[PDB]
């Protein structure tokens, strides 16, 4: 098959996701609408159900709105059952689960969004039209709750396909966390404490780990093509890594979590998570910078480039980064006045690296600063808007030009207002020019490009004032004037191709599994795929896509390369994580581990999942506030199930590594449930 086929659920680099808040899009069926205080037929009470549903989404696919726009994927609200309680809101006089983030039963659907048959209708309709379906999923909590007053809301109660498990109050089984609420003081604090008043699920509890793992398979069984994990910054990395493996070994689908980063914010945990969790992240570094430059004027084009550059050094898999300019949590990008800024932001996002996600109603210039004003009902479905057409013209390039989907990015010209960059994947090239200044034109001289000598017209057809250009044999471009607010896109798509890997998914595997290598020039007759210098088993070989079975190599990260039947060797795609086996989440605890000021305790050990004795890649720094207090440290770690591990704890700083004394601690990871090991620091 092809890397662009709707069936390639492990690669979204050639796609454009359209984010829909189900309730605020289209009420395709009035018979399923809530009744009473839960519903607001006038669409004025922003926190009540307005009636949007899966049938309405289906309607926009069949009538050509979404398709006509060039959308290849849709990300919808969490489909699971939510609480029916209407909470008190002083401002909006009513607060409901219209958003779908207040889970009640993860094994059932929200009656107002539709039945499982309705959900299926949607999945089948999307696919029939070559559209992938992404679902929001929030395993961090259930719903708003007061353990002191079980009368408030539905007590954060959790059901298992109808049968109640328990609520926040009198939680004798310990399904939830009872450490009060987070004040975001630390990474650990925001994990084991509640997000505001939402009942915190305790996924270290065996029953909870199993429920969640079994609940996700329910949806995978429904045919979904991707998952959006909510608040991945508020759950342990160890559990999530273990949860990711559970998904990937069942039926691998592109997965990306939400790890909010503020303006100018960079978090080394965020980077580490994106690189080791087995899942991808939404680019908040991208999004925030983009808004600083095109929307709020708190930064220039030099900051847009530093982001492009730094972001490419920190992320092992930048082609997996989900980019956006706004969402259900941010103020709507269009703030009034000129719409050029949004239009330029959309073009820049659409031609840049990663996976473009577009918040619904952007193409319609919808405005709204703050939740919930930024979640108003779909205004209109007008296809004349410049925005709608920028997407129409740009979206398809992600399937037609490998450079745009997988290529690197390079700044070819720049000043405070102008950004000219190049996307390159072998001989395929894409060059983009953007002038953010709405009142000043620039004379572009000294511009060079990888585009072949020739005359190139604007892909946008002058939609954003772009024009054609002429390139010489030496790559030089004839001087041209970039008008105010101009965006021009020029490209070259090679006819021939040497073997080039532009993508590999999933990034976290195990021997015996199958991975998909995507690119160009692979050939039609099978060659060879290598994990290091070890050849794997070809499951299927095509010019743009190759599927292979992971050889039984020593667990760890491997660099992939491919050799054509003509002996042509490709480029390598590095850092694919081959695990020891099925993952299990174990909580490691160490007592009496006292440290001097600014010194932390980490976990190193026998397996790859533990860093194989490499103190530089040791697990930590471990936690020591919520669950257990210093000097006892603990950490939730993903480890190979049913394996006997030798490990030791250490105290690190920057210029001292103190190892535990005595002999390595031993433990045999449990086969099916979560586990806990407790030991005392050995002198």
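Numbering follows the first chain given and starts at 1.
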54-62 versus 30-38 - greater average Cα B-factor per the deposited record: 30-38
Given 319-327 and 258-266, the range whose Cα B-factors average higher in the PDB entry: 258-266
Out of 78, 142, 600, 172, highest CA B-factor residue: 172
Options 221, 543, 276, 422 - largest CA temperature factor per the record: 543
Cα B factor band for residue 562 (lowest, middle or highest third within the chain): highest
Third of the chain's Cα B-factor distribution that residue 680 belongs to, per the entry: middle
Chain-wide C-alpha B factor ranking for residue 358, given as lowest, middle or highest third: middle
Residue 626, C-alpha B-factor rank within chain (lowest, middle or highest third): lowest
Assigned third (lowest, middle, highest) for the C-alpha B factor of residue 643: middle
